[PDB]
Every structure is written in C-alpha cells, then in structure tokens.
Amino acid sequence: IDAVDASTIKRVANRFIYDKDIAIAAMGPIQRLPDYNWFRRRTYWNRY
Amino acid sequence: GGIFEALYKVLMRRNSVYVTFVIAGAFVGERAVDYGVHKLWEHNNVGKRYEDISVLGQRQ
Amino acid sequence: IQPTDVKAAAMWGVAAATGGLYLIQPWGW
C-alpha cells in the first residue's frame, strides 16, 4: 500500500480513466440528466 | 490499424501539441497542393508561356 | 507548479512558433 505514490496514481488513472468508454444507469425524474455525449466528452481536458 | 493507435498515443495526450500539429499540417499541405496544381498547369498547355515566344528579344 | 510551468512552456512555444512564422513566411521550409 505505501508503495503507491502520486506518480503511480497518475499512471493508473491515465491507464483506466482518461478517454475511455462508460456505462450509465439512471432511474426516476431523469429528464434533466445530461445525455451520453456530454459524459463521454467530459473524460478528457483540452486545457492541457 | 495499430498505426492509428500509435499516432493517437504519440500526439494526443496534450493539446498544445495538437495545435502545433494542425498548423504544421496546414502549412505543408498548402505547399503540396500548390506544387501539384502548378505542375498540372504547366503540363496541360506547353508552348504558350511567356518564355516560349521566338521573337522576345528582336526589338532592339 | 511543474506541470503548470511546462504547460505554460508548451503554450508559449506554440505562440512563439506562430509568431516566428508570421515574421518570416518561407514557402519551401
């Protein structure tokens, strides 16, 4: 556990999170929930 | 193919690199299409150019 | 600060490349 520092966090995050597909499931009054493309585009940043 | 993935990993983990890539591609493709259209223009109509008149220097 | 510093370095590099291209526009470079 204590062998997982900031660099390893960034590496694993860039392996698993950055620019990958997602799965969603919602229930209730979800008429005001952003569509798929919103979530899918928000998995990377254009600032950097 | 795998070359597309390799290009994707090489160029698009940042954004300024993307901007530079777009500018470079623009100012290379411009030159390439200029060369192509000039060459085709020269090929299409031979003998009509300004440096092809046989009497260009006989009014001294 | 280092990731931000190098991000600013890359942005400055993009801007400097574009400005240099503005100053001199070599057709066959």
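As a convention, Cβ positions derive from the backbone with ideal geometry for all residues, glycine included, and neighbour counts pool all protein chains shown. Bear in mind these aren't lab numbers, they're just calculated from the coordinates by the rules spelled out.
For this structure, a couple of remarks:
- When residues of chain A are limited to those that are among the basic types (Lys, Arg), closer than 28 Å to residue C:10 by Cα and part of a loop (DSSP other than H, G, I, E, B), the one farthest from the other protein chains (Cβ to nearest Cβ): A:42
- Residue within the stretch B:2-13 that is surrounded by 10 or more Cβ atoms within 10 Å (Cβ to Cβ) and not hydrophobic (A, V, I, L, M, F, W, C) present: yes
- Some residue of the stretch B:37-46 being outside any helix (DSSP H, G or I), within 24 Å of the chain's Cα centre (by Cα), among the hydrophobic types (A, V, I, L, M, F, W, C) and more than 23 Å from residue C:29 (Cα to Cα): yes
- Residues in chain C that are of a type in the set (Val, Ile, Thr) and more than 8 Å from chain B (Cβ to nearest Cβ) were compared, and the one that is surrounded by the most Cβ atoms within 10 Å (Cβ to Cβ) is C:6.
- Given (1) farther than 27 Å from residue C:17 by Cβ; (2) of a type outside the set (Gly, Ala, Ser); (3) within 14 Å of chain C (Cβ to nearest Cβ), number of the condition residue B:27 does not satisfy: (1)
- Subset of the stretch B:30-60 [of a type in the set (D, E, K, R) and either in contact with a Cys (Cβ under 8 Å, 6 or more places away or on another chain) or within 14 Å of another protein chain (Cβ to nearest Cβ) (or both)]: B:30, B:31, B:34
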